[PDB]
Every structure is written in structure tokens, then in C-alpha cells.
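Participant: Mind looking over this structure? Questions follow.
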Ligand SMILES: Nc1ncnc2c1ncn2[C@@H]1O[C@H](COP(=O)(O)OP(=O)(O)OP(=O)(O)O)[C@@H](O)[C@H]1O
Ligand SMILES: Nc1ncnc2c1ncn2[C@@H]1O[C@H](COP(=O)(O)OP(=O)(O)OP(=O)(O)O)[C@@H](O)[C@H]1O
Ligand SMILES: [Mg+2]
Ligand SMILES: [Mg+2]
């Protein structure tokens, strides 16, 4: 992530060709690795007959009980239960009733044991790519940047400060405020610069219709996070997961309400938690369940207000990084004159003014682009609130 | 987004939050464009109008 | 689509150049005046860079391309003025008249005759007219001429001054970030004759500006971070005179032309050392120019400042040599007893207290080889004045109890207790010296070289350890006497005691470990001349190693001093010297990869890195040259630790996947010493990737291979929270990972991270990036650990006192003459700023705020405020001078 | 009158401004991302190795014995027996998934141990009984028998000197002195509900009695009772209330019984039907015919209003212990619990801190104790001062509890 | 939850409908005021003329009696009732007791009239806050303030309206214990205080002073422009 000239300079032509040099050599070295292998023994006769000892259509079974005389009991998908033996090379030390095993068809015998057993709905929510830029991307939020770093990055990088006072770091963080402020950016910048793994949850993702399929996916969600790295979990748009826990008349409302009541249990209920951090985000905060807002579950409440006349300069500066800017413009024209508008408004102004230059056959962008752009973006919010009663 | 209680609707919002997020979530999409067309400008929600 | 009605320019400049063949002949006025009316108007519709779409420039050539093909050549009677009207008007649209094979024909309109002073109609326009087109000429057209035929025709002759005025024009129009476009122009034009381009561009820059020097100045050294061998040879000496001739910032000479010492010429920086002795005004920049000249990148400068001004202007030499060294001892004496440290912490051993209740009871460990590691509760914590009377009683009993190699080891630990000392360091040894034993005196008098290491004053050039050496008829008196004095005089390149200790090589007394460390002792001294050392080593090498096919005591020690005597030059003559000198059998051609890449400390020479892979890649090699592919991988570890992190991410990407993943003896035995050589800072990417292959011990091999990778997993200094890994692996490492072999090792790894509180700079990077070797003192240890049987007998000479080039730590002191000032310094996560808006904010981590001797840390360019001007060298370097000035109200 | 695009004017744009390095820098970035892919499929080192033992021990088995245990070994199934008839086998056997057969015994059996309701190994071809089995134990109650001590002493539940006193009477005292109840002529209650505001200490009292129990203790995961299949959740209730009768005096802790049924209604003809069957099965094995004897039930909820009056009846839930907020003497004891194990100044007072938390819980008090040390890491300290706690009270409470009453305060002094 | 009544209490003892009346004060234009040695001064901001109206009917500064002033915030309707009522009491006091009316007596009337106006249901309280400045009580300069709860209170320098928290924090670091004599210096303190306006247009400041012996002296936008010039003269010392 070092393309730091950020412009059409020969350094970025030199830097990226260095990256081309190392990856081509990494290709050619592993190309030589699968090339110059004159070693063939292929099992030394042991695993080769074993791979022929097991059946070729390997099937999947489920343990019920363990009769340890090398003759145990299993269960199939339909529930057909078979007094099968243990055809060998399996240590009887990691097989428990519930752990799924590997079976045959002709004799149904236990050949291996199936590992990791993840239902392929939680593996979709496992992020592999760092999407965007680092903390230097966003346009100045440094009082609240230092807050989230105290609970996520700093306890993982340097947990020597906390043992000197015996204080565990905070676990839950709420991001709340008006829309268009930077909630989704602050999660993506953390997921960029991190060392542990990352999990994203899009709102109504853990909602199904089979009346028990809802809460069952939540158990496997925290199970995967606990079994893997000391990592964090980002669950966004939790306004569709909690509203004050009232009792009413609809029957599909309860399997909604029950799944959202056992997330409470997995979070800060019985004995332990592990090193799992949870980051949650909404637009509205007052319509939430007060059982989730209490400390023990969430220890940080972070406001994201609409910007000022000072850090707004940093918003216009970053979104006008790589565009040809004519020297006629003043950034403080649109900032000081109008004092209401979000950070997502400013990105729309910079894109619209660039479209106005091609609209009148230009490359550079003058003040007259921003005069028409600041109009056209802002005409989507209504006229006003009350007449001159107050003075 | 109305209130809770036995009023408004949750499930209308449950679908709406996914529309609110598959184009603006953790993963930004490319080469997919949406067109929305309706009257009654002031009564659709101020989270997809941003 | 509102076309039509206002298409004036797609009609009348569609007709009048179409009527130009209708009015060239039989119309002498319409040939000229309509051309001039075409020329100025097409010139006028391009000068505003606020209409890129030109109503002529992509409207006329739809017929005008076939017109110009019949107007410029086919006229054949071109006048003196009509060529200045045709070529001035028709060389403008030719980048967009023509497609991507324009690159051979930017000349069939232009170079018929370049009309006059082409910037006359291209001055105020930035690059739309011809300046992009000028770069298109210097890209392809000049390079095919200047590939072998630089001295050539009009494509070089006028093109020189044509590129001269264009390079002036980049810093003329707007003076924007197109300043850096001039090195984009100067280096593409005549890549190898860059200096022939730069010599005109040096003098042009000298008269260009004195404020718009510095960002182009750092643009050069960013391009000089990696290049070809000849480009790094060329643009670094072009870099030298710009703070010498244009400006006189000039305190960036000494270390930032140590950049240019080894590549261009050793005497050239000595002529720049002469240029240091020219600009002697007045003291403050002069002081900190010569602060680095002793113990920051090299020593050996104490012979050139005893000339005719020996009062205070040349009496800084001994002050540089040992007094500011002793003022640095006054850091560890005064300031570092103040911050943290009483005389004996002695309690990282006591931090193993909670283990005795973890699982019932304790007091089960009684291994005698743990008592080797018991010396490092006293040994490592007592560096920088951890002086101990009767706190060495754990040493004093175990010295007089057993363990002859530990009698040498506990005696060698006394030199680490009194380090950087000349005042009373020998007096501490003398009471613990007279025991009349082989092992006691050979460890203590080797430690005497450690005490006066970095001093290089008159302590014992041949006084003590030469008299220790001539006592030999026997064991380590023969060995341990030559090692300490070459360790003490490693910073020097003195010839005399090298010739005193050359008959150690010429004795042919066949003690093998003595001759091996003899190559290591002479290797630490010199890096340049004295080819007779290369002669002396290979004589006994051909005598001894030819009549054997055996252990690496031959191989790990004897070619290594050859590589240390020829370290750090990418000339590739040293490979022609060494490899054609030891043309021999392949177990002696193990030494082929040593002196090849020891001259290749750090640069971008990726063509070497592929021959560092492709020759001996895998082959599966049934137990014949497996040492050579480890040592070929050993030389992959350097040439990676100083392109400044550009290849470090690529190094951890390749060596994590390729070897430890799809390897064999190369990966699962040896390929973790990269991480024990790449960085010593620590970060949880590689610090957690090593216990992926360590918590999985993979015990089927001789597991001390993987437990060697345990050992220098803790080869990261600057103490951390890594105690969680080592103590928990020490808990599984007591019973399992048996304590007979590595109970010394895990606590060697445990006790080395908290060596002192401070003094962790062992990482070969000073100022910003320069080496300061350094390398000659560390690299013997990672060459030593190949692999086993030196955990017991022979490597105990090495494993304690191998690397001893720690230079101090911290950039907190002020030294304004009385040394009373503290500062207001402001420490931050390091710079990222390369080219952005002026001025550029240097760093990003504003939270930490100290005044005085606080820490260095991994990426810290610590700045200061309160208008003290910090004027000294404006880089940093831990002995700032800090004058005072406030003329801004 | 605004139109500015025509295919010739497209060729104006991508030649003006850095024609040298535009594609020259771009395709280098393009093919390296192609090369990010082409390394990955060239590696292909996924390696999901599992099932295999260390390959130094099974060598004796997979020489001939594995081939000897293919054809002579049997793939026999297990079943259940209804009954038998005299002078003959006449064995009537079901599967509950397959059909019901009437089969013969084999030669390798003793005809005595073919008792009714017994799991037996059954042939695949002629379906003869070969091997009788031990009875089935329920697999998921074994998963939720805790077998583990969470470490919370009663000295950490400060502010609740009387709520523990009520809870000590029901759980601990009949299990250690079952005399004074009989020797006076009373019976202890058998069901205790816990209700009140969240974060008040519901889980702590349940976590602390799991420490000092000396008895069978069963945590019950609440949403395991809700299943996908019809009637499956009601069968899970039964197996729980059978094995409790086997051993003596086992403790069962439910938690958040709001989820497993709160109200019984039917107006839209449907809804939470399967939840009601599991919930009513819980009732009839709580009271009814066959009283349970020595089974103590603990429940805890945050929303006690929305529960069924069938559970509100005493005889099922007998003691209503509620948790309130500690007045002042409770909170001053709570600060001394959560701040004794941290580096503080040894001269500060805590009663001034307990003033400024008027309506607060035990969770909110601990959040102040953790936050005050976080201010010490904002500065560079290793001990907490008085103003560290005073800023922490404004950070936790006053940043969310009041914003109009603090600046415009002048109605009260 | 429970507010919707001025007679009910919260479970933690509050009157939210009284507290909501102070929220209506924060929609008003800011007005500051200090006392000095002899000359008291108060200024208002945010004139914002709208090109088509007469500006002598939008006045925010009035006089109750000959030696007492008034500046307010909130909404314009409720201020007109309080002003017109207070003119009667400061005139009927003079009839019953032949003294002039002190500045302390008229503030207790405004607070007590707003007091009983809060107690009874079906009586919406006044959503205004006022500044009473008068150097009337025997040559002594004083200034008080009010509150919609009905609590009269005395400051030495005051700020109200939309943005009072910045100005009140500004004056604490600016009001010197050195008494601002040479009263144009004290007037320049207010113009420096009103320089932190919501937009600071310069020509939107209506300062009104009183030299404690004459009547009210409304400043013109030529004398006030001279004081804005000398504020930029002292600002030239930053370079
Ligand atoms: N402080 C900021 N600096 C720079 N860019 C910003 C900032 N705030 C918002 N943006 C812009 O806003 C976009 C991100 O939207 P944001 O993170 O505000 O969504 P959100 O808060 O999740 O909105 P919603 O709550 O409606 O889902 C980015 O494209 C970014 O360019
Ligand atoms: N009386 C108390 N004394 C000491 N600490 C307390 C007390 N009450 C609560 N705490 C602290 O508050 C934290 C959270 O309390 P807990 O979650 O047990 O409350 P709860 O009532 O069980 O919550 P819920 O009703 O949501 O289940 C506990 O970890 C405990 O440290
Ligand atoms: Mg969002
Ligand atoms: Mg609880």
C-alpha cells in the first residue's frame, strides 16, 4: 500500500515495476518448484492402498454414541443407524457425538472424520480483501478516531498498558448519528489496517423462516469467530434487529423477536466471551432495545455529527486530490456561505462539477462548475422550518 | 422507517435495509446502475435519498 | 444534438487549407498570408488550457493529413519563411494526427526544419502544444539514437539545448509539481549518459532557485533508493554538489555521501571528507557533520584532523573519537539511572514465578545446561553500566564449579557488563583474571576487547591480547586472543595489527576453529583493500579444505571473512575475483555464493535475485548440496533489508509461501533466519507467522532446527508484549521440547528482548536509511547457526558476543554548548510525504509529546517547535546542536 | 442548447495530458492483478487433511485385517422391540422410520436377554437379532450439564445483602440442613423467579451459586427448545425431566424464559403454535400428576410483565426475588469491589463518586471504573487520580443522561 | 414519556415543559451586554434586512423607563406583552412611591409575573429571556437577566441566543479584572465579542450604549464602522 506519489510520476512507474519483478519471480520459482521434482514414492504403499481401502464415493455420517470395541453406532441423514466398525487409522480422541464422520456404501464403515463442518452461509461473511484506503483517507474525525482505536487496535498491538491497571478493554461500540457521516468508512478503514480476521454482517442476514434457523446461525457465527483468530465482528444496521422488545399479536414477529433475544445471550450472558469484539451501527438510536445499550455489552457510544467550518475543508481537500483544479477557485466560498450538508454531499459536489467540465468541453474546473454543482446537489432537501416568530 | 409497536411495519423495513446496503455496504459494487421512478418525493425515506 | 449553423471553423479552415494547394502555385500571397492567418489562429485556439477541444486541431486533419503529405514534401522548393509557417502550424497536431506509430515520425513535419524558437508560440501553455510531444521525442527517438550513437546528428546536437530550454520551462511557467518532471525528462533522455544531461541541468538548477531545490532534492534520493547499478552509480554523484554549489545546506554531506562512498569511489567521499575540511564555518554544522564520523557509520577518521589548527577546530577529533563517546556513556550513567534502571533488575528470571503453581507443584528442573542461561540474568541486563560487585557471585560460584565452556562464557559476560568503557574496564577484569586457567582467561581477555570496542584509542593495540596470543601452545589461548582485538578494532582499517595477526593464518598450526575465527577476526576489520588477506585465507583453504569433504567449520567461517573483506559494492568484479580464484570441487564451491552477494548488501539488482533462485532452486538433492541452497537462501536475506520496505513485503510474501510451504530442507531447516535478519522492530504479521511453524514444532526432524527458529524468533529488539508467546512456550518447553537441549535457548530468547530498557539500535539504518556496518558483526552469528553441535561447544564463542555494534538509542539530548537545554520535541509515526501540496505535513501521530531523552521506536522522525529553528542538518541523528533564533514577530 | 459529445471529440480527451505514462502505468497495474490470480491457482495448496492417524501405528491393521474386516463384518442396524410371544420368538420389532417386522432370533443370542423395549442389532437380509445394546442416553442434556466452575464468590454481589438472603433459603439450605424444615413442619419452595432492570445482577447470582453448589447443576440453553420439526421441542422437555428424577436433588437453571413462551393467544388463527406445545409440556412436567420431588427451578427475565399467568402461579414459581438499585451503601461497596484490583491513588474517597451515580446499575459502575483508567492512558500515568474518575462520570452518565439540565442549570442552586 | 403538563413531576423530579421553554430561547438572535465604570453597553446581532420592509418595526432594544434598557431573545410575540406590562409597573411604582424605579425592582416584577404564569394549567409560559441593563440606582451600574422558569439573576457580562456558549466562554478569557476605562475601550470589547457572530458580516451589529446620565444613544453605522476599523488596526500586530 505504498503508491504515495499519487500522480503520474515515474516513481509510481518505477514502484509498480518492482512489484511486477517480485511476483513474476514468485511465479517462476514455484513454476520451478513443481518442475524439478524427481521424487516419486506415491505413498510408500501405505496411503495408496488406504485410498483404495476407502470407497471412492465417500459419504457423510453423524455419530450418536460410541461403543469403543472398534464397533460404534452412527446415524445417516434419514436416521438409519448402523452398527459399523472402525476401519482403522483414526485416533479415537477427536470424535464426539455431534462430530460428523466419513462412511462407505458397501459396508458403511468409518473411514475418516469430517473436519471444520461449516454451513456455507457464514463463510460468505468472511472478508478476504482490504477494500479501501487507511485512516488518511477520511477527512478529519480525529477525536472519534482515537476512541475506536482504544478498543480495537491498541489492545491487540500493545496490551502491556492494561495489565499495569488490570483493566479489560471495552468490547462493544455503537456508531450512531445522521446518515451520510462516515459510519461505513470507519469500519472499512479498520478492516484495512488490522491483523486479526474480519466478519461483516449485513442487517437482515441472520433471518430465516424455519422457526429455529434464525437463532441457530447466530451460534455458528460466534463459534467460527471464537475458533479462529482473536478477531472482531462487524454487524451493521442493527436497527432492524432491535426495537424495545414489546409483546404483540403477530406470530412471525416472535421468531424475529426470539433470534434477537438470544444474540443478547451469546454476547454477554453466561460465563465467557473470548477475544471477540463487536462493532454496531445505526442511524437512529432511541428506537433500540435498552437491554443492548447497557454496559457489559456495549461500552462506547459514539456520536457522528454533521461537520463544521474547519474539518469540512479537509473533506473538500481529499475529494479534490487527483483532479485538475484551476487556480480561480476558493474552497471557502461554498463552506462559509452555507452551513448545512454532509460528507457524502461533498463527494457528490466534486463528481458533479467534474461532469460540468465535460458538459462544456473542459478539463480544468472553475468556480462556475461549483456554482452550478452546489445548487444541483442540494435541491433534494425541503425548503424550511418555521417563519420569523423567533428573533 | 416508522416506530415500533403494532404499527408501521417491520418486514417492509427489513427488505428496505437490504436495498439500502447491497449498493452501499462493506463491498462497493461496480458496473451496476439503478434507476428509480415514482411520484411523492417527500415521503420516501431520507437514507436512500442521500 | 445541436450541430450546424455555427460551424465556422469546420468550414473556412476546412476550405482555405484545401485551397492551399489551389493557392500555393500561382498565388504567392495566398500561399503565405492564409498560412499566417491559419497559423496564429490555430495557435490562439490552443493557448487557453480551458478548451482542450480545439475547433481546428481535430477538424482540419481529416483532409489535412493527406494535405500535409502533399504540401510539405511535394512542394520541394521550400522557402526560408514558408517552412517557418508550415512547420510551426503543422507540427502542432501531429501527436493527434498520428496514432501510436507516431514514435518513429515526430520528425517528418518537425525536423524538416525546426522553426526558430518553438516555445515562442508554446510559452504559456503547459503541455498541450509540444511539451508532451517533446517527451515523446525523448522517449523513443533519442533513445534509439543514443543507444550506441549518442555523439550524432541534429537528433542530439540541437536536441541537447532543445531539452535544455524545455527543462528550464518546467520550472518557468507555473513552478508546480512539474519540477519533478525535469528528472522525468533528464533520466529518460540518455539513461546511461545521465550525467552528460545532468551537468547542464546541474548548472541550470544552480541558477534556477534556492527555495525550489529541496523537493527536487528529495526527489533524487527517492529515485536513488533503487536503480540499476550504473544509474545508482550516476545519479548519486549528481546528487552530491547540489547542496554544495546551489545551496549551502551542506550538513547533509557526511552521512548522505556515505551513500556515495562505496559506489563511485572511496577516495571521492574522502575528497568530500576534504570538502568537509574546506567548509569549516563555523562550529555548529561542523560539529554534527563530524559527530557521525566515529560511531554512526564508520570510524577510521582519526588521522586527518591533526593538521596545523590543533587548538579547538582540529581538537574536535579526539572529542569525536572518545569524549562524546564518553558523553554517550554519561547518557547511560546519568540519564538512564534517572529514567528507569537500578543496578540489578535481575528479575526476568523471577518473572518465572507463577509457573510453580501452574499444574500442582514445581522444582523439577535440574538441568546443568540451564546454568548456561543462568549467566544471562546477570549478562544481558547489565549492559550500559550494569556494574556488579558480588552480584556476579552466581557467576563466581559457577565459574569455579564446572562447565569449562561456561567458564569461558561467564568470563566473556564481563565485557558485556562493562561495555563502551575505557576508564576502569580493565581493572574490573584483573581481579577476576588471575586464576591461571585456560578457559577463564580466554573468556576474560576476549572480553577485554569487548570493553574497549568502539574506543580504538591507546588501550592495547598489541599490549594485552597480543601477549595473550603468544602464550599459545594449547587450547583457546590460541583461539580467544585474536577475536577480541579484531572486535575492538573492527571500525578501523589499520594495516599493522592485521599484519601482526596474519601469521595466525600463516602458522599452519592446524587448530581448525582458531583459523576459522581468524577469518572472522580479520573480516571485521577491513571491507576494502589488502588483497593479501584474500591470498592468505585461500592458501590454507586450498591446503586444508581440499584434503577433506567434511564439516562447515571449514565452510561457515573461512569464506565469510572473504565476504567481509569485500562487502558492499555492486561492481561484479569481486565475483570475477573470488569465484575464478577458488575454481574447485562443489563442496568448496559452496563458497561461490558467499563473496558473490556479500558485496551485494542492499540495492535493487533483481537480476541477481533471480540467479539467487534459478540455479539451485530445488532439484530434490539427495543430501549433497543442501548446505548451498541454504546459503543461497542466506544471501536472499540481505538485499531485502534496505530497499526500505518495498521488497520487505515481497520478501515475507515469497518466503512465507514458497519455502515453508512447498519446500523441504531449504524451508523447514533454515529459511526462518530471514525474519531473524530482515527486521528487529517487531510487528504481528511475522511475529505471529513464526509460531504457526513453532507451536507446530514438527518434531520428526532434529527439532533444534525448528528450535533454532525459536531462538532468533526473539531476534527482535525494542522490548514488547511478546512475553505472552515466549513464557507460554517456555511452559510447554520445560517438560516437552526437552530441557537437555534448549533450556538455555528459550530463556536466551526470553532474556534477549529485554536486553536493557534501551540500546536496541542494531538494525543497520541511520538517519533515514544508510547502513553503518554493523553487518560485519551480526552476520557471523546467522552464518554460525548452521546448525547443531555449536549449541554445546564451539558456538558459545559466538552466541554470547557475536553482534556488539549497538549505537546508542535515543535522539534526546541538546548539547547547546553547556549541555543544559532539553527540548520541546514532538514524536510521531514516520513520514509518508513524497509529493503533495506545499508545505507538506511531515507526520501523523501528534499524540505523543515529550521534552528530552525519550525513545526512538520503530518509525519515528521526531520534530520540534517553539521556534528554536532546529537548524542543524534537518534530517535527525541523535546529537542535534540546536541553536536559537526568533525573528518572526 | 447544451450538447458536447461527438466521436471525433472523444479522441481529444485521451491524448491530452500525460500521453507518455497513461497506459504505461495502467497496464502494469492491470497485469499484476492478473498475476495476483495466476499465483493463486498455481499454488493450489488447500490441503484439508483429516481423519488420518499418525502413519506409524495403523500399519498392523491395514495389512490384512482391514481386508479381513470387509466381507465377514456386518452392517447390522439397531432397532427397538415391542414384545415377544411364548414357546417361539415371534418377535415384533419397529424402527420408527422404516416398517415394523416380525422376525426370528439368530444362533448367537441368549433367548433370555431379549426383553421388551431393548435396542438390538438386526441383520440386513433376514433381519435376525444378533447383539443387544445398552439403552440410549439423551445426547444434548449431556452437552448442557455444566461440569465446570465459573469463578464468582458471594463477596462480588455486593449491594444485595437481602436478595441473597432470600435466595440462600431456597437453594442452599435444604441441601445442607434438611432437618429444620421437617422438625418444624414446613416445606421449602421449589421455584424462584428473578426480575428487574437489566444489568442489575441477575446472571451474577446464578453464576455464583454454580460455584458453591456441591450438587448437579444444569444450564439450559433457551432456544434449543425451539426446533424446526413439529413436536421435537416437546420431546426435549421430557428427557430433561426424566434424568433429574434418577439422581437426587439436581438444579435446573433456565434463562430468559420470555423467549420460550410468554402469552397464549389465537385471533388470526395461527402463529407461535409449536412454541406453545413445548411451553405447555413444560407446565405439565412442572405441576400436575406425578410431582417431581427434589427438582429446583430457577428462572430469570428482564421483561416479567409479558409472561403467562400459568407460570405466575405459585406451585410452579414460588418466590419473586426482585433486584433494585443500590441506595448509597450498596454503591460505595460496589466501587470498592471493582476498583480494588487497579493502580489508584491510595487517598481517594468513593462516597463522593456514589453521589454522582443516582440511578445507576452495577454494570454502569464498573464501566466508570474501566473508563477512568483509560484516561490515564490518554495521558502518561500508571496510577489513577481523583479527576480521572470525575471525568469518567461525565463521560459515561452525563454524556447521555442530561444535556439541557447541565448548562442551563440555574433553577436549583 | 410523561411531560404534557406544567404541574406534573418526572420520576426524577423535573418539569420538562418548563425546560422546553428554554429551548425556544436558543432560536433567537444573540445579544450581549457588559457593565463598565460609567458607561453600560449592550449590542445585538443578526439584523438581516429583506430588501422590501421598513426596519423601525423590528427593534429588539427598548427602554422601560428613562434610565433602564431592555434586550431580549425568544419569540417576538411574547416579548411585546412583557415589555408593555413592565412599562406600566415602572410607571405605577413612581405614582405610589415618589422615587425613580431601581433596576432591581423591575426585574423582580418580570420574574414574579413569569412565576405565577407557570403554575396554573392552561397557561403556556413565556419562551423569552431578557437582559435588563440600567445604571439608575444612585449612580451604580448594574445588569441582570431573566429565565423562562422565572429566576432573576445578576451577572457582570452576559450572552444569550443561538450561540451563547461560545461567547460566554470567550468573555471569561477576555473580561479583564482591569476595569475597562476610557469607555470606547469598553465599547470595543463588545464589538470584539460580537465579532464572533454567526456570520460576522460587520454591518449586522446594532450596539446601544448609555452614559448613565443621558438618555439612550443608538449608534449609527458610521461611528460603529469606525470602531470596526480600529479592531482591524490592533489585528495587524499578529504578523
Ligand atoms: N469525514 C469524511 N471524510 C471523507 N469522506 C466522507 C466523510 N464522511 C462521508 N464521506 C463520504 O461518504 C461515503 C461513505 O458514507 P457513510 O460511511 O457516511 O455511510 P453511512 O454513514 O453508513 O450512511 P447510512 O447511515 O445512510 O448507511 C464515502 O463515499 C465518503 O466519500
Ligand atoms: N450488585 C452488583 N455488585 C457488583 N457488580 C455488579 C452488580 N450488579 C452488576 N454488576 C456487574 O455488572 C455486570 C453485568 O451484570 P449482569 O449482566 O449479571 O446483569 P443481569 O441483570 O444479569 O443482566 P441481564 O438482565 O441483561 O441478564 C457484571 O459483570 C457485574 O460485574
Ligand atoms: Mg451505513
Ligand atoms: Mg444476565
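To match Swiss-Prot, the residue numbers of chain A are left as they are there, and the shown ones run 50-440.
In case you wondered, yes, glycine gets a Cβ from its N, Cα and C as well.
The phosphothreonine annotation in Swiss-Prot covers A:53, A:434 and rests on a large-scale study or a structure entry. Annotation source Swiss-Prot lists region 'Disordered' at A:84-104. The compositional bias 'Basic and acidic residues' feature in Swiss-Prot is assigned to A:86-103. The annotation ATP binding site is assigned in Swiss-Prot to A:226, A:227, A:228, A:229, A:230, A:231, A:232, A:233 on the grounds of sequence analysis. Feature annotation from Swiss-Prot assigns ubiquitin cross-link to A:237; the stated evidence is experimental evidence. Residues or ranges marked as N6-acetyllysine by Swiss-Prot on the basis of a large-scale study or a structure entry: A:258. The annotation phosphotyrosine is assigned in Swiss-Prot to A:439 on the grounds of a large-scale study or a structure entry.
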Participant: Kindly assign residue A:233 (ATP binding site) to one of the three DSSP-derived states: helix, strand or coil.
Facilitator: helix
Participant: Suppose we call a site close when its Cβ is under 8 Å from a Cβ of chain E; which of the recorded positions A:228, A:230, A:237, A:258 are close?
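Facilitator: Listed in sequence order, the recorded positions near chain E come to none.
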Participant: For the compositional bias 'Basic and acidic residues' (A:86-103), what does DSSP give as the number of helix, strand and coil residues?
Facilitator: 8 helix, 0 strand, 10 coil
Participant: Rounded to a whole number, how many Å is the Cα of the residue listed as 'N6-acetyllysine' away from the Cα of residue A:229 (ATP binding site)?
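Facilitator: It is 32 Å, counting Cα to Cα.
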Participant: If you run the three-state DSSP split on residue A:439 (phosphotyrosine), which class comes out?
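Facilitator: Where residue A:439 (phosphotyrosine) sits, the three-state DSSP reduction gives strand.
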Participant: Once the chains shown are all counted, how many other Cβ atoms turn up within 10 Å of the Cβ of residue A:237 (ubiquitin cross-link)?
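Facilitator: Within a 10 Å radius of the Cβ of residue A:237 (ubiquitin cross-link) lie 23 other Cβ atoms.
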Participant: Checking A:228, A:237, A:439 - which of these recorded positions have a CB within less than 8 A of a chain B CB?
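Facilitator: The answer, in sequence order, is A:228, A:237.
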Participant: Cβ within 8 angstroms of the Cβ centroid of A:226, A:227, A:228, A:229, A:230, A:231, A:232, A:233: which residues besides those meet this for the ATP site?
Facilitator: A:332, A:353, A:391, A:392, A:393
Participant: Return the residues near residue A:232 (ATP binding site), defined as same-chain residues 6+ apart in sequence whose C-beta is under 8 angstroms from its C-beta, sorted by sequence, else 'none'.
Facilitator: A:224, A:226, A:285, A:330, A:353
Participant: Please list, in sequence order, the residues in the chain of residue A:231 (ATP binding site) that are at least six apart in sequence and whose C-beta is under 8 Å away from its C-beta.
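Facilitator: Sequence-distant Cβ neighbours: A:187, A:190, A:353, A:392.
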Participant: To the nearest whole angstrom, what is the C-alpha distance linking residue A:230 (ATP binding site) and the residue listed as 'ubiquitin cross-link'?
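Facilitator: Residue A:230 (ATP binding site) and the residue listed as 'ubiquitin cross-link' have their Cα atoms 14 Å apart.
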Participant: Ligand 1 is in the model; which of the binding-site residues A:227, A:229, A:230 have a C-beta less than 6 angstroms from one of its atoms?
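Facilitator: Only A:229, A:230 qualify.
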Participant: Whole-number Å distance between the CA of residue A:434 (phosphothreonine) and the CA of residue A:237 (ubiquitin cross-link)?
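Facilitator: Residue A:434 (phosphothreonine) to residue A:237 (ubiquitin cross-link), Cα-Cα distance: 36 Å.
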Participant: Counting distance between Cα atoms, which of the binding-site residues A:227, A:228, A:229, A:233 is nearest the residue listed as 'phosphotyrosine'?
Facilitator: A:227
Participant: For residue A:229 (ATP binding site) and residue A:237 (ubiquitin cross-link), determine the Cα separation and express it in whole Å.
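Facilitator: A Cα-Cα distance of 15 Å.
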Participant: Given the recorded positions A:229, A:231, A:232, A:237, A:434, which pass a C-beta cutoff of under 8 Å against chain C? Sequence order please.
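Facilitator: Filtering A:229, A:231, A:232, A:237, A:434 for a Cβ under 8 Å from chain C leaves none.
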Participant: Do me a favour and check the Cα-Cα span between residue A:227 (ATP binding site) and the residue listed as 'ubiquitin cross-link'; whole Å is fine.
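Facilitator: That comes out at 18 Å between the alpha carbons.
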Participant: If I take the alpha carbons of residue A:233 (ATP binding site) and residue A:53 (phosphothreonine), what is the distance between them in whole Å?
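Facilitator: Residue A:233 (ATP binding site) to residue A:53 (phosphothreonine), Cα-Cα distance: 24 Å.
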Participant: Reported as an integer number of Å, what is the Cα distance between residue A:237 (ubiquitin cross-link) and residue A:53 (phosphothreonine)?
Facilitator: 20
